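Chain naming follows the written order as A, B, C and D, and within any one chain the residues start at number 1.
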Amino acid sequence: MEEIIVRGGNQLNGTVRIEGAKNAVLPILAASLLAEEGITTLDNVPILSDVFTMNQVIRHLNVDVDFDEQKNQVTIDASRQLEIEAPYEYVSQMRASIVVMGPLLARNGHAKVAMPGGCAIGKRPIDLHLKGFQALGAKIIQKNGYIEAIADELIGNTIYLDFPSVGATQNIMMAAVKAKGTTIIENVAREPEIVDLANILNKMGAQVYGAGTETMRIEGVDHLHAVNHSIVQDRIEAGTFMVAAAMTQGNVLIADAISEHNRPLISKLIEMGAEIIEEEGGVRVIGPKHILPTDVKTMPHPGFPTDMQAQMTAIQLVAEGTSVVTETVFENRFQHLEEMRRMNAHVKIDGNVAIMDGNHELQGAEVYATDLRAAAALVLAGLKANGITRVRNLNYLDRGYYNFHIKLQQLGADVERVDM
Amino acid sequence: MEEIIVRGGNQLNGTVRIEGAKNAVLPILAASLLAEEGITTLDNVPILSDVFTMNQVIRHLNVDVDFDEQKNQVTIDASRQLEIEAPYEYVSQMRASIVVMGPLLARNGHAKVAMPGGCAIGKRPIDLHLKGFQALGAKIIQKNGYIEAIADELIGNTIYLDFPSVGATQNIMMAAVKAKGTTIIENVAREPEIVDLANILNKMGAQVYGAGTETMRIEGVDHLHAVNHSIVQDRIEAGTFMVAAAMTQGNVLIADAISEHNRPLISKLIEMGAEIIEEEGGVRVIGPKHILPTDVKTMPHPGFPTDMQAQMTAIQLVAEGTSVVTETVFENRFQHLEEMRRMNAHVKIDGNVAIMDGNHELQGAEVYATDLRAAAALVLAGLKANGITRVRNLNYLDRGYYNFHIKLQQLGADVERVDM
Amino acid sequence: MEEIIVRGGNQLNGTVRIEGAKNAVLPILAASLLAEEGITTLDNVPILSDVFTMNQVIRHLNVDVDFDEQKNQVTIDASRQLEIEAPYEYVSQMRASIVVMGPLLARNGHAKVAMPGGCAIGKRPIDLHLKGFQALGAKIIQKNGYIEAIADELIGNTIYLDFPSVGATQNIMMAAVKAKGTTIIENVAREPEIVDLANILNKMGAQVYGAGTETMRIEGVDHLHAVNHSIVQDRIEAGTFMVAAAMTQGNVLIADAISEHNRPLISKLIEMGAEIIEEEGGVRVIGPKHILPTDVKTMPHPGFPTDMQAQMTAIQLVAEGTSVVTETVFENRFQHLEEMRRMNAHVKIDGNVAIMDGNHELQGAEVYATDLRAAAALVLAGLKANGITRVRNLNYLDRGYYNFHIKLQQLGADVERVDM
Amino acid sequence: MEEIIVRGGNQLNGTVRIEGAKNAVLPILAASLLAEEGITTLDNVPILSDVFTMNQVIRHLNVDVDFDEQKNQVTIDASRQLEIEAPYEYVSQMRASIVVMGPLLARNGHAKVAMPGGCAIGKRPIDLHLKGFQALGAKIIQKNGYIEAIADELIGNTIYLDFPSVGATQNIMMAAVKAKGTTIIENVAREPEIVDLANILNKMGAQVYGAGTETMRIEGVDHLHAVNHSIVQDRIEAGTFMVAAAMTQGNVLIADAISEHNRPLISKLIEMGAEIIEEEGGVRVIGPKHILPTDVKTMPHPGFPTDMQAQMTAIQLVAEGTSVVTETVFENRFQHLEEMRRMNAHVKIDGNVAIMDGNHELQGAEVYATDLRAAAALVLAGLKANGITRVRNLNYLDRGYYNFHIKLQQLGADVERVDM
């Protein structure tokens, strides 16, 4: 139905405000199920479709969720007896909805959640979630495409994660905060979203230590209460605008940006010639006249974030030389590069390596997004392409970016969103 | 808004008729553009959505195409001056539509075809097509997501294909049949569809030698005429039914099956315990009581066909042990296995290897197809799952299978196609 | 304790003679075990260490082998009762020595051959050899690092190879020529060495059809006799000199070169700017002033030979741009590129891809070969490096090249072989 | 010259003492170059060949090194003017010798170190070392296979490591401790060896903060002095004995073992059925009657250490089912599994994944080690193989294990080391 039309050749200048983090708000909404009494109030909630889906998931568990979009605020009342079922209708749209499994085990000792199927970008199975829950004393059945977890008594244990899975970390944390005794998670996810989740759980009465470090220690408690919490800024939306500034000879202040949440991206953009400055008001990015090539390798935090990879390929594809990207977190997250061949991108892909030759002008063309970050990457490429770029499948964009086109317009970009 | 409902536990018995090959009919329809005079009549044309799309592509080049579905017959009149443009509207639906580029170069010396974008299953770029056309004297421009190829005079040359690409082979053959002098294609595609294409071109007045071998030799001619041609049987539809018989303790005759077009699959099914017999009337497959594990590696013909891989994983997942599949032709063609986790499939994926443990019962669940062959694989899995399987996204199935559910019903399978 | 010293800066000019093929002579020596009566005489046998090793292997089976090095000729008398044991002392030096297993099964119905261990360049297991032998009626035991195969009666059967393994193809052919009835090998190796092996077996009284094609058919016979045979020219030694000419602005005639045995290499060198001509006396290679980049993908014949890959990286590393090589036949055959970093080669490796930037001068340095073809590649790099290159571990070079330095001197190259 | 002979079937019982860490002692020896005045005394130095090589490297820089093997003690006097050259004679034996580059830059502002060549197990280039040194103000030339780094004034800077390279981390830390101002290394190596290096540097008068965390901060100082330091226990030698106990139904106390240095291995061995207990005297491992399969993925610390991978495959290969290992740190570190096919190991390898079927008895055979940890893994496999295992290339074992056979004998293992 809709497309974003982009003309290139304009420098981005000004200030940009950033929404609260998609990847923090979804687990924190699930965390609100832990409050047996009181009203949870979340501030700085972004208006994204994944938030609407998660709000539906939670309502279907017998919970009142009001989203005041104007105030960017969600109130949750989970004080009634919860239902325990999250069907494929919701999990098929968004597999993040499975992080309700942990709170449901803590509250009810029972959860019945649809097994996620395929993802475009080539996701992992939920094996590490289940490993965690089994370690805490849960029995796991599968029938009719559902995972049913039952635990009369959750008991703390030592759990080693083979990979530092963000999702498994979140799911297990939220079960363990009400398990009897000590839980220790080794090789936890260290991402800033984990820290924000830990911060709210602690306010709710939990005891979570070492969030953001290699080892997390959780002391179980009997009762959790509701609190007010402001979602941390979205480091990926921030980073997307940092790339946009760096590739357009821009001068853009990302308001209240937390630089410690983008150490990799900042370092890499500086290697490509950008000047990046921490100021009282946020992080300023000044794009160079000559964009220099650099190689990028994605890894679990604190390495380079996979959620910045697609956006980063856009600037690598206009750099003056050959750049390489290696994706070690996702199996099939180069589909945007396949599309950008329509825009005359010279790129060779083999397995989880892509080789980009940026000594070619990008050309406007009609292009279809394949996933959330691919949509942003195609728009960014449009900022530097010659002619007119038309980006479609904006359903993907809306999952993670609010008012992307308007924020870009306000920075001087020639970007419209229109009907076909 | 349709689904296939499957109950497992039934043995397949009887005879099944197979349609003409999807992968032969699409390039042969393009080949019909070469006939400057006469009416081309194609018989044994399958009723698939890709055929409808290809018929539209060809009409938009100023050609009359009539499809009599009842007779499985298409007449083509390409005797008027051709237009040269194939837009993204069609190429985005089906990238096979680019094989019109070759005939357009031969007839007009001009072609303007949309550059294909991303494919779900992780396709190659069209670099080898363009390499071929440049070798024959074509200039190539890109603008607005179109490849424009201009050739005043096509001149035969020696062309080495880095990979034995079926599509590049087809596109180049069809340009070269009207080039001046000799063309030699080294490391050509050897697939049976190439042979059928060569067979019709030869009847049309062309001189193509060595089709099906490692080296193809083409002597250019001035004029090609229209002919009647019956499309070769679909070896992949045939093979799909061979797998179904082998996994259900079946006894199924695949009518008029060409066994030399399934040497790999036949050999592998026999390794898994099947008895397979060439008869006057076709190939009979008798499924064993104990399905034995086997490993599979996809390769260009004459190795194991990637188009049989998804179907083959279905039988590997009910074999009595661990089986391994290695996909060396496509990057991301294991998404069906991600879905089959909903059906309790125990499978580990890393890169282009998948490890399947078949000592677990499959379970019915709602499952969404991701691509043509994945849809067939999910139905086949349903035949052996306990409970009710519901397969969705039948738009993918209809691209390559005609009346799949009816043919299965006629073999004793409990399969319905119904509205939601 | 020898080294080759190379100074760069000279163009190669002249004629080069090529030895008989290492990869044909080793299996054909094994084939000579099949002759129960008579003296086998092989001509055009190269003086390489692998030939000396194979001659030892065969003597230990109670056979007389005389190597007249001056005449490049080996006589074999295998008319006595054969011993059946080939120990790890020999197989650990050279795993090609296992192709005696096939002839031993045909003559004796018994073979006891050491299981090969690891290879530097990352070889396959011998699973496909054993699959073939089991298919013909052989029982297989493993004990104390030996494979023991017993077959009272070999019986012809259909055998599908999952990969077109040269070694498995050779081993199975040589067992099957004396099996009762018809044998069919599907997805056989198509390499020219297979053809030469088939050619001698046929002269010896066997019936081997379709060698060099996708399907091989063998009709078993009761008796085989000894013959005279001239080994086919070594296409890899030939190809090595073609690369040397192409990278040094050379003009070199490779005497009596069979161009159909280097279709991929010839095509790729022409893509890099070389002019290559079939003449009465052989194949002439004329190197361009400007060496152009090209990408290379190794595959089973008829694709680009892995045995030419290392040599080809040498010319790719001096081409005017970025080139990519993809090795799909061996796991770890880029160790030469790791060494060439000492020569200032700019190359990035990930998995089975290597990315070479040739817009940098190579520099002479002391470098150690890691395997046969790496040794040749380092010498070739020396031809274009600035300064003095010293190549060591010439034990690897002598496995596959006879008088490499002298042949290069005769073409005008500044190459000496000296003691340390 | 020598082999280790192993008979299987015996349970390991007793206490084992562990040497100081190879991977700490080598960089700490290099660190001793920073002391311009005084005598450095290192305690708990293991008697390994890498220590002898490193001692030679350091002497050639005009330094006195005395190794009292009986006291496990090394004194270093680096108070004279240092020479700056480390030739290929030493770097070709052991690429760890390049970590002298950092201290040489700090002391002299000049270093001339041979570029490492190929490694068997498929190492990285030294790009990240050079990136670090360039960031601190060093000029880098390559000529004749040497890297020459010159820096009149080292100046602190922010450095992001694309990969958390242990070697690059060590080299950069040792330069930065004497750079002017603040250095910040982001995505540093977190390994315990880094911590021990930091601990000695701090005692020597340096200011290194955040060792073991994601970010390291270094404040430059003018002068460093000599100290006494006891090398931390070798966590890999410790872990090797933990595996040996776990696979032999053993009961072994690893004296003074630091469990926080083997969180991954301990967790994984417990998943395989072992009982592991922290005691006053160290860590006790009790091997189960039934060894259970588990999957293993190597990663930078704090994930599963690649230096434990080979040893771990030995226990995975006798577990009661199928296990998978994924090696994400090194490209070609599965060569031991290629050898263990001689011992009847059923294993499939593809890329950086290996699939092990442990429902087969291992068999003794002659087997050749390919690298340090492969040698240990083959001995461990011998402990469970039936018959006699003979492990050769003990030159590799001696690089990292002191008196391996004697420590195993003392635990009740049937292990001899003898001449051939």
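To be clear about the criterion, a residue touches a chain if its C-beta (ideal position, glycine included) is under 8 Å from a C-beta of that chain, and two chains touch if they have at least 3 such contacts.
S.K.: If you tally the C-beta contacts for C-D and for B-C, which one comes out higher?
M.R.: C-D
S.K.: With centres defined by CA atoms only, which chain is the most remote from chain A?
M.R.: C
S.K.: Can you compute the centre-to-centre distance for chain A and chain C, using the mean CA position of each chain? Integer Å is fine.
M.R.: 52
S.K.: How far is the middle of chain B from the middle of chain C, if each middle is the mean of its Cα atoms, in Å?
M.R.: Centre separation, chain B to chain C: 36 Å.
S.K.: I need the residues of chain A touching at least two other chains; which ones are they?
M.R.: 295, 351-352 - these are the residues of chain A that touch more than one other chain.
S.K.: Based on which chains touch which, is the overall arrangement a line, ring, star, complete graph, or other?
M.R.: Shape of the chain contacts: complete, all pairs touching.
S.K.: By the document's touch rule, what are all the touching chain pairs in this structure?
M.R.: Per the contact definition above, the touching pairs are A-B, A-C, A-D, B-C, B-D, C-D.
S.K.: So in the complex, the part of chain D that touches chain C is made up of which residues?
M.R.: 88, 92, 114-120, 122-123, 125, 142-145, 331-332, 335-336, 338-339, 341-344, 349, 351-352, 363-368, 370, 387
S.K.: Per the contact definition, I'd like the list of chain D residues that touch chain B in the complex.
M.R.: Checking each residue of chain D against chain B gives 295, 322, 324, 326, 348, 350-353, 355, 357.
S.K.: Any idea which chain B residues touch chain C in the complex?
M.R.: 158-160, 162-164, 186-187, 190, 213-215, 263-264, 267-268, 295-297, 299, 301-304, 328
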